[PDB]
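Colleague: My structure is below; once you've seen it, I'll send some questions.
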Amino acid sequence: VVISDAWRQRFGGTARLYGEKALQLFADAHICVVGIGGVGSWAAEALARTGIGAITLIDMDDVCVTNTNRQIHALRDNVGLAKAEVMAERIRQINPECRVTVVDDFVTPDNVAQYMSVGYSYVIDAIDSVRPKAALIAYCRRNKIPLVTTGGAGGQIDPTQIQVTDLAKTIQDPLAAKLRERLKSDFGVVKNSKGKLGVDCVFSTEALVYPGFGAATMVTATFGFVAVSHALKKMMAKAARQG
Amino acid sequence: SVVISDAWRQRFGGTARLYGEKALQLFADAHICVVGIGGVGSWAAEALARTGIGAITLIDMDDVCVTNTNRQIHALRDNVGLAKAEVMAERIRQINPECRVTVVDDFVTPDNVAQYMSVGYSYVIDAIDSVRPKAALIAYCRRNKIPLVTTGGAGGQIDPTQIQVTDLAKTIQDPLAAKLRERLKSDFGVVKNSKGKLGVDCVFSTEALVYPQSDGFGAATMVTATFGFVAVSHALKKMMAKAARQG
Ligand SMILES: Nc1ncnc2c1ncn2[C@@H]1O[C@H](COP(=O)(O)OP(=O)(O)OP(=O)(O)O)[C@@H](O)[C@H]1O
Ligand SMILES: Nc1ncnc2c1ncn2[C@@H]1O[C@H](COP(=O)(O)OP(=O)(O)OP(=O)(O)O)[C@@H](O)[C@H]1O
Ligand SMILES: [K+]
Ligand SMILES: [K+]
Ligand code: NA
């Protein structure tokens with residue numbers, strides 16, 4: 001992608017933070033966000049606001065009033081529209097030059113290859129249900145597709161306990177635990193000699209608050225923001241190693 | 001006092017399930033002021049609206065600029081040139097049409113701070129980036145025991161997991177916080193106490209600053225928004241703790 005003057009105006013602050021090479025790297029990147037909800041809608045926003053030049057959004061759910069407490073697209077006039085389309089329209093308002101694709105579908109074990117094989121720079125997995133989540137992680141891991149997944153973000157109030165570690169090492173996260181169990185039984189994914197699954201997971205050390213679970217923007221959005229920052233760090237590091 | 005509607009419970013049922021029923025009403029009855037609707041404050045304002053805060057005041061007189069796009073939730077193609085506080089207020093009304101939103105189209109000064117703080121806020125979130133008015137706001141809220149959380153510099157930082165809350169005296173790697181301490185002392189007589197604390201809660205990051213990489217500091221949504229989100233979570237926790245302690 002050739003960066004226009006308007007793009008340099010919008011993302012001058014990105015360039016001043018990450019550098020010119022990173023700005024170009026981001027403009028040339030294509031990142032996929034799967035699940036445009038409490039975590040993924042903010043991830044998508046952050047990607048757009050950091051000069052990522054191409055974004056794919058995968059979700060088939062609509063905006064509901066009950067999303068209001070934790071999803072950036074949940075506004076009165078958006079209720080009943082497709083989440084992914086509302087977020088795509090917002091991204092075009094953030095960066096009119098971003099290449100935005102909507103996949104109006106849910107990821108399944110049956111279709112993940114079709115969806116994941118377009119060649120993404122990174123995949124951010126913000127799915128809440130274990131079966132498709134395991135199928136997505138297993139596929140990206142096998143195919144060496146850069147992935148960051150997110151554990152359970154509900155039932156938590158403290159954004160400062162969010163961190164990234166190998167999926168094998170998460171604690172206080174029942175979703176991540178169920179995911180490990182399904183990866184093992186259904187996909188043969190098991191931890192290596194060093195006790196790692198080779199899957200990066202955003203999780204929180206906070207113990208869950210039972211009232212399903214409630215949620216707050218301040219936590220669920222930070223899950224998405226930490227996923228994006230982690231992906232960009234890994235992308236920049238890889239680019240720095242080439243040469 | 002706000003009567004919580006059935007629509008409010010649809011919007012904020014997840015808030016009640018997380019913080020509790022008493023908290024839902026506490027939030028609906030609260031009036032929180034966000035000073036500075038920029039890289040930090042615009043996301044704080046968003047988070048307050050989405051957590052069922054019943055009245056929000058926004059204080060800023062700046063306009064949306066295309067260069068805000070990297071880090072401010074209101075920075076959209078069609079908002080460029082409009083007043084930030086008014087754009088953000090209209091958004092809050094779309095989030096919660098029953099939220100009482102007040103716009104103060106002004107900057108805080110030593111001359112006007114008492115008037116603007118005279119409404120009796122449940123909490124003040126200080127997201128000012130300029131030291132002069134920041135010091136005046138902090139000194140006033142501190143003297144008057146007005147609940148306040150301030151934010152250091154969120155620019156020049158890339159790692160959201162290093163953001164935390166501490167006493168303003170103990171921040172590191174934050175030149176804005178450093179200048180602010182100096183102005184508080186020289187202009188307002190605010191100095192640290194026996195325990196070395198200023199008695200002001202400050203959001204900062206332990207991350208070392210990243211200096212400008214092209215042609216001041218750069219910034220990213222993932223960090224500046226998390227400053228605002230950590231500030232809101234801290235304020236809501238302190239409000240809940242105070243309500244529980246009355247009893
Ligand atoms: N298999 C899948 N592929 C892609 N997206 C998915 C899949 N399964 C779920 N999603 C989406 O992931 C998102 C998760 O959002 P989140 O957990 O914040 O709450 P929600 O599902 O919108 O609300 P609620 O939990 O009350 O139904 C949702 O938008 C959902 O539609
Ligand atoms: N005295 C004040 N009273 C109220 N709001 C203020 C005051 N001083 C500054 N602010 C606001 O704090 C916000 C800070 O935003 P941030 O530092 O992320 O970038 P910015 O200042 O918007 O960028 P730029 O300086 O390039 O326009 C601004 O919107 C500014 O108007
Ligand atoms: K947890
Ligand atoms: K710092
Ligand atoms: Na942290």
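The chains in the structure tokens are called A, B, ... from first to last as shown; in each chain the residues are counted from 1, and the ligands are counted from 1 in the order shown.
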Around ligand 1, out to 8 Å and counting only C-alpha atoms and all ligand atoms, which residues are there? I want them as a PyMOL selection string.

Modeller: chain A and resi 34-40+58-64+66-67+70-71+83+105-108+126-129+131-133+154+220

Colleague: Quick one: everything within 10 Å of residue 119 of chain A, counting only C-alpha atoms, minus sequence neighbours fewer than 4 positions away in the same chain. Send it as a list in words.

Modeller: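 With the cut-off at 10 Å, the set is residues 30, 31, 32, 115, 123 and 145 of chain A.
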
Colleague: Suppose we keep N, CA, C and O atoms; can you now write the selection as a tab-separated table (two decimals), in the first residue's frame?

Modeller:
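Done, and the output landed in result26.tsv:
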chain	number	residue	atom	x	y	z
A	30	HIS	N	-2.87	-7.24	6.79
A	30	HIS	CA	-4.26	-7.66	6.73
A	30	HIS	C	-4.55	-8.51	7.97
A	30	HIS	O	-4.00	-9.60	8.12
A	31	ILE	N	-5.37	-7.99	8.86
A	31	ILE	CA	-5.66	-8.67	10.12
A	31	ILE	C	-7.14	-9.02	10.19
A	31	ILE	O	-8.01	-8.24	9.77
A	32	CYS	N	-7.40	-10.21	10.69
A	32	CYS	CA	-8.74	-10.77	10.82
A	32	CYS	C	-9.15	-10.76	12.28
A	32	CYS	O	-8.39	-11.21	13.15
A	115	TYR	N	-12.11	-19.65	5.32
A	115	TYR	CA	-11.96	-18.35	5.88
A	115	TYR	C	-10.54	-17.96	6.26
A	115	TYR	O	-10.21	-16.84	6.17
A	123	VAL	N	-4.36	-13.11	13.11
A	123	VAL	CA	-5.74	-13.41	13.49
A	123	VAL	C	-5.93	-13.11	14.98
A	123	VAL	O	-5.14	-13.54	15.83
A	145	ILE	N	-0.21	-19.64	11.17
A	145	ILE	CA	-0.88	-18.36	10.97
A	145	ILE	C	-0.76	-17.60	12.29
A	145	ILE	O	-1.14	-18.15	13.35

Colleague: Find the residues around residue 126 of chain B up to 8 Å (only C-alpha atoms counted), leave out those fewer than 4 positions away in its own chain, and share them as a list in words.

Modeller: residues 34, 35, 36, 41, 134, 137, 138, 148, 149, 150 and 151 of chain B

Colleague: Which residues are near ligand 2 - at most 9 Å, using only C-alpha atoms and all ligand atoms? Format: as JSON, numbers by chain.

Modeller: {"A": [13], "B": [34, 35, 36, 37, 38, 39, 40, 41, 42, 58, 59, 60, 61, 62, 63, 64, 65, 67, 68, 71, 72, 84, 85, 104, 105, 106, 107, 108, 109, 126, 127, 128, 129, 130, 131, 132, 133, 134, 136, 137, 153, 154, 155, 216, 219, 224]}

Colleague: Restricting it to N, CA and C atoms, dump the selection as a compact mmCIF listing (two decimals), in the first residue's frame.

Modeller:
# COMPACT_ATOMS: atom_id res chain seq x y z
N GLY A 13 0.70 10.27 14.50
CA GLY A 13 1.00 9.84 15.85
C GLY A 13 1.40 8.39 15.97
N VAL B 34 -15.70 14.56 33.46
CA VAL B 34 -14.48 14.25 32.72
C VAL B 34 -13.94 15.56 32.18
N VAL B 35 -12.72 15.89 32.57
CA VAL B 35 -12.09 17.14 32.15
C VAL B 35 -11.03 16.76 31.12
N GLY B 36 -11.24 17.22 29.90
CA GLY B 36 -10.36 16.84 28.80
C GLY B 36 -10.89 15.62 28.07
N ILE B 37 -11.40 15.82 26.86
CA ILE B 37 -12.05 14.76 26.08
C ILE B 37 -11.12 14.36 24.93
N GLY B 38 -9.90 13.99 25.27
CA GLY B 38 -8.92 13.63 24.25
C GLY B 38 -8.54 12.16 24.23
N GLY B 39 -7.24 11.92 24.11
CA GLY B 39 -6.73 10.57 23.94
C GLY B 39 -7.06 9.68 25.12
N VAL B 40 -7.17 10.26 26.30
CA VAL B 40 -7.58 9.53 27.51
C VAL B 40 -9.04 9.78 27.84
N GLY B 41 -9.46 11.05 27.86
CA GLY B 41 -10.77 11.38 28.39
C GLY B 41 -11.94 10.93 27.52
N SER B 42 -11.74 10.85 26.20
CA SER B 42 -12.86 10.44 25.34
C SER B 42 -13.26 9.00 25.63
N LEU B 58 -18.87 16.89 30.60
CA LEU B 58 -17.70 16.88 29.74
C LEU B 58 -17.18 18.30 29.62
N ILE B 59 -15.92 18.51 29.97
CA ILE B 59 -15.32 19.85 29.91
C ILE B 59 -14.15 19.83 28.93
N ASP B 60 -14.29 20.57 27.83
CA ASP B 60 -13.27 20.73 26.80
C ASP B 60 -13.75 21.84 25.87
N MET B 61 -12.83 22.64 25.32
CA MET B 61 -13.27 23.55 24.26
C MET B 61 -12.56 23.28 22.94
N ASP B 62 -11.85 22.16 22.82
CA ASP B 62 -11.13 21.91 21.58
C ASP B 62 -12.04 21.24 20.55
N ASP B 63 -11.61 21.31 19.29
CA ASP B 63 -12.31 20.74 18.15
C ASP B 63 -11.65 19.43 17.72
N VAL B 64 -12.44 18.57 17.07
CA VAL B 64 -11.94 17.32 16.52
C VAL B 64 -11.00 17.62 15.35
N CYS B 65 -9.79 17.06 15.40
CA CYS B 65 -8.78 17.24 14.36
C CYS B 65 -8.44 15.89 13.74
N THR B 67 -5.78 14.66 12.98
CA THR B 67 -4.64 14.05 13.65
C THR B 67 -5.02 13.38 14.96
N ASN B 68 -6.27 13.58 15.45
CA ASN B 68 -6.79 12.84 16.60
C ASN B 68 -7.12 11.38 16.29
N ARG B 71 -6.08 8.03 18.25
CA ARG B 71 -6.24 7.77 19.67
C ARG B 71 -7.51 8.31 20.34
N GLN B 72 -8.51 8.85 19.62
CA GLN B 72 -9.68 9.47 20.23
C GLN B 72 -10.96 8.91 19.60
N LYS B 84 -15.23 18.76 20.30
CA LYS B 84 -15.07 17.42 20.85
C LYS B 84 -16.13 17.09 21.88
N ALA B 85 -16.37 18.02 22.82
CA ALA B 85 -17.28 17.72 23.94
C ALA B 85 -18.70 17.51 23.44
N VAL B 104 -19.60 21.53 29.07
CA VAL B 104 -18.94 22.78 29.40
C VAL B 104 -17.93 23.07 28.30
N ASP B 105 -18.25 24.03 27.44
CA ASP B 105 -17.40 24.35 26.30
C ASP B 105 -16.38 25.40 26.74
N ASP B 106 -15.36 24.93 27.47
CA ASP B 106 -14.40 25.82 28.13
C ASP B 106 -13.22 24.97 28.58
N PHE B 107 -12.15 25.66 28.98
CA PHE B 107 -11.00 25.08 29.65
C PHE B 107 -11.01 25.49 31.12
N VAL B 108 -10.53 24.58 31.98
CA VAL B 108 -10.42 24.88 33.40
C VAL B 108 -9.25 25.84 33.63
N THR B 109 -9.47 26.82 34.49
CA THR B 109 -8.42 27.76 34.89
C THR B 109 -8.46 27.94 36.40
N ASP B 126 -9.60 13.49 35.64
CA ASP B 126 -8.75 14.53 35.09
C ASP B 126 -7.94 13.94 33.95
N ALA B 127 -8.28 14.35 32.73
CA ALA B 127 -7.62 13.87 31.52
C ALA B 127 -7.05 15.05 30.73
N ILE B 128 -6.59 16.05 31.46
CA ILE B 128 -5.98 17.24 30.89
C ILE B 128 -4.54 16.92 30.52
N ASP B 129 -4.11 17.39 29.37
CA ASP B 129 -2.75 17.13 28.91
C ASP B 129 -1.79 18.30 29.18
N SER B 130 -2.31 19.47 29.56
CA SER B 130 -1.53 20.68 29.79
C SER B 130 -1.38 20.97 31.28
N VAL B 131 -0.16 21.31 31.70
CA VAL B 131 0.17 21.24 33.13
C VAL B 131 -0.54 22.34 33.92
N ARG B 132 -0.65 23.55 33.35
CA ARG B 132 -1.18 24.71 34.07
C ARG B 132 -2.59 24.45 34.59
N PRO B 133 -3.57 24.19 33.73
CA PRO B 133 -4.92 23.88 34.22
C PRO B 133 -5.00 22.56 35.00
N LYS B 134 -4.18 21.58 34.65
CA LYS B 134 -4.16 20.32 35.37
C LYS B 134 -3.83 20.54 36.84
N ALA B 136 -4.18 23.32 38.55
CA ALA B 136 -5.28 24.06 39.17
C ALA B 136 -6.45 23.14 39.50
N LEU B 137 -6.78 22.20 38.60
CA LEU B 137 -7.87 21.27 38.89
C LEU B 137 -7.50 20.37 40.06
N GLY B 153 0.99 11.12 31.53
CA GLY B 153 1.11 11.14 30.09
C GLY B 153 0.94 9.73 29.54
N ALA B 154 0.04 9.59 28.58
CA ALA B 154 -0.21 8.30 27.94
C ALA B 154 0.51 8.20 26.61
N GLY B 155 1.09 9.29 26.14
CA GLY B 155 1.86 9.24 24.92
C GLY B 155 3.20 8.57 25.14
N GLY B 216 5.48 16.02 18.89
CA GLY B 216 6.04 15.44 20.10
C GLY B 216 5.90 13.92 20.15
N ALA B 219 1.35 8.26 20.02
CA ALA B 219 0.40 7.66 20.94
C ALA B 219 -0.37 6.56 20.22
N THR B 224 -3.80 4.79 25.30
CA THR B 224 -4.47 5.98 25.83
C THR B 224 -5.87 5.63 26.30

Colleague: Please, which residues of chain A lie no more than 7 Å from chain B when the count uses only C-alpha atoms, and can they be set out as a PyMOL selection string?

Modeller: chain A and resi 9-20+46+49-50+65-70+74-76+93-94+155+158-160+162-163+209+211+213-218+222+225-226+229

Colleague: Sort by chain and increasing residue number a table of all residues of chain B within 7 Å of ligand 4, each with its closest pair of atoms and their distance in Å to one decimal, counting only C-alpha atoms and all ligand atoms, and write it as a tab-separated table.

Modeller:
residue	atom	partner	partner_atom_place_in_ligand_line	distance
B:157	CA	ligand 4	1 (K)	6.7
B:172	CA	ligand 4	1 (K)	6.0
B:173	CA	ligand 4	1 (K)	3.9
B:174	CA	ligand 4	1 (K)	5.0
B:204	CA	ligand 4	1 (K)	6.0
B:205	CA	ligand 4	1 (K)	4.0
B:206	CA	ligand 4	1 (K)	4.6
B:207	CA	ligand 4	1 (K)	4.4
B:208	CA	ligand 4	1 (K)	5.1
B:209	CA	ligand 4	1 (K)	5.7

Colleague: To one decimal in Å, tell me the separation between atom CA of residue 1 of chain B and atom CA of residue 28 of chain B.

Modeller: 7.8 Å

Colleague: Please run DSSP on the backbone and report, as a PyMOL selection string, all residues within segment 72-221 of chain B that come out as strand (DSSP E).

Modeller: chain B and resi 100-104+123-126+148-151+163-167+201-205

Colleague: List as a PyMOL selection string the protein and nucleic acid residues near residue 52 of chain A, meaning an atom at most 8 Å away when only C-alpha atoms are counted, but skip any in the same chain fewer than 5 places from it.

Modeller: chain A and resi 26-31+47+98

Colleague: Could you list, as a list in words, all protein and nucleic acid residues with an atom at most 8 Å from ligand 3, counting only C-alpha atoms and all ligand atoms?

Modeller: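 Within the 8 Å cut-off, the matching residues are residues 152, 153, 156, 171, 172, 173, 174, 203, 204, 205, 206, 207 and 208 of chain A.
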
Colleague: Of the candidates B:3, B:241, B:88, B:203, which one gets nearest to ligand 5 if we count only C-alpha atoms and all ligand atoms?

Modeller: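 Once distances to ligand 5 are computed over only C-alpha atoms and all ligand atoms, the minimum belongs to B:203.
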
Colleague: Running DSSP on the backbone, which parts of segment 18-204 of chain B land in alpha helix (DSSP H), as a PyMOL selection string?

Modeller: chain B and resi 18-19+21-28+41-50+84-95+113-116+131-143+175-188

Colleague: Print the selection's residues with C-alpha atoms to a file, as a PDB file, in the first residue's frame.

Modeller:
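As written to disk, selection-v1.pdb reads:
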ATOM      1  CA  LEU B  18     -20.976  -7.797  37.583  1.00  0.00           C
ATOM      2  CA  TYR B  19     -21.028  -5.041  40.235  1.00  0.00           C
ATOM      3  CA  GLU B  21     -27.772  -4.289  42.156  1.00  0.00           C
ATOM      4  CA  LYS B  22     -26.752  -1.681  44.744  1.00  0.00           C
ATOM      5  CA  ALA B  23     -23.932  -0.568  42.471  1.00  0.00           C
ATOM      6  CA  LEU B  24     -26.291  -0.226  39.499  1.00  0.00           C
ATOM      7  CA  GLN B  25     -28.317   2.333  41.440  1.00  0.00           C
ATOM      8  CA  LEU B  26     -25.175   4.013  42.820  1.00  0.00           C
ATOM      9  CA  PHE B  27     -23.916   4.480  39.257  1.00  0.00           C
ATOM     10  CA  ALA B  28     -27.288   5.723  37.997  1.00  0.00           C
ATOM     11  CA  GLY B  41     -10.774  11.377  28.391  1.00  0.00           C
ATOM     12  CA  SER B  42     -12.858  10.437  25.337  1.00  0.00           C
ATOM     13  CA  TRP B  43     -12.561   6.755  26.254  1.00  0.00           C
ATOM     14  CA  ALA B  44     -13.191   7.493  29.936  1.00  0.00           C
ATOM     15  CA  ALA B  45     -16.418   9.207  28.899  1.00  0.00           C
ATOM     16  CA  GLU B  46     -17.356   6.201  26.752  1.00  0.00           C
ATOM     17  CA  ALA B  47     -16.711   3.805  29.614  1.00  0.00           C
ATOM     18  CA  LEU B  48     -18.801   5.860  32.081  1.00  0.00           C
ATOM     19  CA  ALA B  49     -21.744   5.902  29.695  1.00  0.00           C
ATOM     20  CA  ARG B  50     -21.456   2.147  29.066  1.00  0.00           C
ATOM     21  CA  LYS B  84     -15.068  17.423  20.846  1.00  0.00           C
ATOM     22  CA  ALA B  85     -17.276  17.717  23.935  1.00  0.00           C
ATOM     23  CA  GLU B  86     -20.448  18.151  21.887  1.00  0.00           C
ATOM     24  CA  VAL B  87     -19.593  15.216  19.568  1.00  0.00           C
ATOM     25  CA  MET B  88     -18.933  13.005  22.581  1.00  0.00           C
ATOM     26  CA  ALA B  89     -22.141  14.172  24.294  1.00  0.00           C
ATOM     27  CA  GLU B  90     -24.231  13.191  21.264  1.00  0.00           C
ATOM     28  CA  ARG B  91     -22.563   9.789  21.277  1.00  0.00           C
ATOM     29  CA  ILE B  92     -23.353   9.317  24.982  1.00  0.00           C
ATOM     30  CA  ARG B  93     -27.016  10.123  24.229  1.00  0.00           C
ATOM     31  CA  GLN B  94     -26.957   7.289  21.651  1.00  0.00           C
ATOM     32  CA  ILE B  95     -25.431   4.936  24.209  1.00  0.00           C
ATOM     33  CA  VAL B 113     -12.342  25.892  38.552  1.00  0.00           C
ATOM     34  CA  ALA B 114     -14.375  26.487  41.689  1.00  0.00           C
ATOM     35  CA  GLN B 115     -17.428  27.478  39.625  1.00  0.00           C
ATOM     36  CA  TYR B 116     -17.149  24.408  37.444  1.00  0.00           C
ATOM     37  CA  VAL B 131       0.167  21.243  33.126  1.00  0.00           C
ATOM     38  CA  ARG B 132      -1.177  24.707  34.074  1.00  0.00           C
ATOM     39  CA  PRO B 133      -4.924  23.877  34.224  1.00  0.00           C
ATOM     40  CA  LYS B 134      -4.156  20.316  35.370  1.00  0.00           C
ATOM     41  CA  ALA B 135      -2.407  21.637  38.481  1.00  0.00           C
ATOM     42  CA  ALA B 136      -5.276  24.059  39.167  1.00  0.00           C
ATOM     43  CA  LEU B 137      -7.867  21.273  38.889  1.00  0.00           C
ATOM     44  CA  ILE B 138      -5.886  18.863  41.076  1.00  0.00           C
ATOM     45  CA  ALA B 139      -5.105  21.431  43.777  1.00  0.00           C
ATOM     46  CA  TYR B 140      -8.769  22.459  43.976  1.00  0.00           C
ATOM     47  CA  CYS B 141     -10.191  18.925  44.144  1.00  0.00           C
ATOM     48  CA  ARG B 142      -7.508  17.848  46.617  1.00  0.00           C
ATOM     49  CA  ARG B 143      -8.177  20.865  48.950  1.00  0.00           C
ATOM     50  CA  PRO B 175       7.317  13.677  32.393  1.00  0.00           C
ATOM     51  CA  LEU B 176       3.814  15.153  32.528  1.00  0.00           C
ATOM     52  CA  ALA B 177       3.351  13.859  36.057  1.00  0.00           C
ATOM     53  CA  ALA B 178       6.816  15.220  36.943  1.00  0.00           C
ATOM     54  CA  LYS B 179       6.039  18.730  35.674  1.00  0.00           C
ATOM     55  CA  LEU B 180       2.657  18.569  37.431  1.00  0.00           C
ATOM     56  CA  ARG B 181       4.283  17.817  40.771  1.00  0.00           C
ATOM     57  CA  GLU B 182       6.601  20.779  40.240  1.00  0.00           C
ATOM     58  CA  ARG B 183       3.761  23.182  39.397  1.00  0.00           C
ATOM     59  CA  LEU B 184       1.632  21.960  42.290  1.00  0.00           C
ATOM     60  CA  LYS B 185       4.440  22.840  44.671  1.00  0.00           C
ATOM     61  CA  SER B 186       5.445  26.225  43.237  1.00  0.00           C
ATOM     62  CA  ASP B 187       1.967  27.553  42.347  1.00  0.00           C
ATOM     63  CA  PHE B 188      -0.314  25.959  44.985  1.00  0.00           C
TER      64      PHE B 188
END

Colleague: Work out how far apart atom CA of residue 195 of chain A and atom CA of residue 168 of chain A are and give it in Å to one decimal.

Modeller: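 Straight-line distance from atom CA of residue 195 of chain A to atom CA of residue 168 of chain A works out to 7.0 Å.
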
Colleague: Show which residues sit within 12 Å of residue 180 of chain A, as an MDAnalysis selection string. Count only C-alpha atoms, and ignore same-chain residues fewer than 4 positions away.

Modeller: chainID A and resid 130:131 133:135 137:138 151 166:171 173:176 184:191 196:199 201

Colleague: Quick one: pull the distance between atom CA of residue 51 of chain A and atom CA of residue 144 of chain A, Å, one decimal.

Modeller: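 Between atom CA of residue 51 of chain A and atom CA of residue 144 of chain A the gap is 24.1 Å.
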